[PDB]
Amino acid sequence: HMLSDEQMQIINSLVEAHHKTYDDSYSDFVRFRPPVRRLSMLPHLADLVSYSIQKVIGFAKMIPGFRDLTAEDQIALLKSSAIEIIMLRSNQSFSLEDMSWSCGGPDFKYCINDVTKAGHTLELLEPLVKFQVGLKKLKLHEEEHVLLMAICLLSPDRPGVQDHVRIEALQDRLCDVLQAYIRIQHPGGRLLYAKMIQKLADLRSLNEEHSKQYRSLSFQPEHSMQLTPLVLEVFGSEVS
């Protein structure tokens, strides 16, 4: 009924990695192409997502064991999971009070209608919002939020990964940390671990729907030209 030295180190590493790659001031948003409220929100949200991918990559590189993987496995894990990590880390700015994502000022407050003006439909956005409120209602500790992100990223069951056994062993270590953390440090958390694993399963369904809608978007050059080179690379279909 106690966390080990190695488990505590892993938590401290992941929390620090998250603080180093998540800006609570949202001060970089003013450097994106501005919001316009045709797909009027596509430039701004493309820039937001591009920025997010960079942060997700920076977080990944500080996950214990991630940098020891092959470059090909690191890419394979990021290409498959980046959209899910973005959905997870967007939960911090999500607000139950008006079902929107508030990133600083009123200009960087996004509702469902804003994302439809970037090319997405309710078939993605309705489950996405229901995902966000259910995740928000979990009231995760920071430690649990960063562990769930790292567990999602280190999933061996993605297309293109080669060292399934090494990646699974890393993910297993993180799950054991999460389970022990909820046991010792999260009061009334009897069913919390199972609820978090279920959230990882919801994310695969969101991933699938977003990929469908991203393909439809990015096959039209008048829209793909509004994306960034990083978005095109990471969400694209090239294989190593």
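One-based numbering along the sequence shown. Whichever C-alpha set is largest while still superposing within 1.5 Å between the two forms counts as the rigid core.
Fitting each structure in 9 other deposited structures of this protein onto the rigid core and averaging C-alpha distances over structures and residues, 100 to 108 emerges as the more displaced of 100 to 108 and 76 to 84. Larger average C-alpha displacement in 9 other deposited structures of this protein, relative to the shown form after a rigid core fit, is seen for 179 to 187 when comparing 179 to 187 with 66 to 74. Counting the unmodelled positions of the deposited sequence between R37 and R38 gives a long gap of 10 or more residues. With 180 to 188 and 54 to 62 compared on mean CA B-factor from the PDB entry, the stretch scoring higher is 180 to 188.
Looking at mean Cα B-factors across 43 to 51 and 208 to 216, the upper value is held by 208 to 216.
Annotation for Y26: C-alpha temperature factor in the middle third relative to the rest of the modelled chain, per the entry.
When all modelled residues of the chain are sorted by CA temperature factor, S224 is found within the lowest third.
Sort the modelled residues of the chain by CA B factor and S90 lands in the lowest third. Among all modelled residues in its chain, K136 ranks in the middle third by Cα B-factor. The deposited CA B-factor of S102 belongs to the middle third of values across its chain.
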